[PDB]
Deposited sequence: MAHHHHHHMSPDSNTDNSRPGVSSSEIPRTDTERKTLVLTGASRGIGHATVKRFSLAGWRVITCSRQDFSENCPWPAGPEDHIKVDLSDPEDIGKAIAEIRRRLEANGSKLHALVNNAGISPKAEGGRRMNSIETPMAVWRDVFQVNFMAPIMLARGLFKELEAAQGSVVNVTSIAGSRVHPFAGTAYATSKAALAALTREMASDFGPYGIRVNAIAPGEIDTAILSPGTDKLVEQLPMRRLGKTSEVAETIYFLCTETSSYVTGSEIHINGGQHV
């Protein structure tokens, strides 16, 4: 019965505020993280709501998808929401911003894999359950996708710009199956890559509930 959310990037700020919003609304919240489940976690969700997965690893993502699908059988194999908030912006030597000149191949690869490929891999991997629920996919974009930012490196900026375009394409592709796909760009950089965050969490929640049933292919720019 209970509506279910799969969330990546459940970090302090936007991620935690989103967990809190959906938890208080009565949803089951399955969080994905590189870390082992710990009883010192802020929310009281048990191990059945935690998925250990490294989103830079396509093999691990396939293993996480299969485990999520098994855990969704407890609700009729429905996934009402997938929220892609995981994002990385690796820094150069000495904690410096990493620009287009200095970014090595391995960073381009891992940043695009986590920030860009994992959202579509998870959405198409969980397609059956999203379709069964006529669910919602939210991709969290960034102001860095549209303007050069002092606190976000080039790989992050370009992968988030790619993610904004991917959101538009996914909405067109997933639409005929009844799955809506939208993006939200917070007004400030997500401090995870280092009141306003509650607004982002509220908007993600809106995009996953009945009032947004007819909205797809949009990108909401929080001002």
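Within the chain's deposited sequence, the coordinate-free stretches run 1-32, 227-242, 272-276 in sequence order.
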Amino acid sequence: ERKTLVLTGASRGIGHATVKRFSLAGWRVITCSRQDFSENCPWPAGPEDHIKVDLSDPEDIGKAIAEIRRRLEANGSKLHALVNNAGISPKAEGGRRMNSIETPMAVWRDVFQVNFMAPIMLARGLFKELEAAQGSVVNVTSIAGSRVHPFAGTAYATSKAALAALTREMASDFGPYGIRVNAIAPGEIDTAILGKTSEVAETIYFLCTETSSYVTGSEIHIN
From here on, numbers count along this sequence of modelled residues.
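In this crystal structure, the stretch out of 81-89 and 67-75 whose C-alpha atoms carry the higher mean B factor is 67-75. The mean Cα B-factor in the deposited entry runs higher for 42-50 than for the other of 42-50 and 185-193. Ranking 56, 35, 172, 158 by Cα temperature factor from the entry places 35 first. Looking at the C-alpha B-factors along this chain, the one for residue 147 belongs to the middle third. Placement of the Cα temperature factor of residue 132 within the chain: highest third of the modelled residues, per the deposited record. Among the modelled residues of its chain, residue 4 has a C-alpha B-factor that falls in the middle third according to the deposited record.
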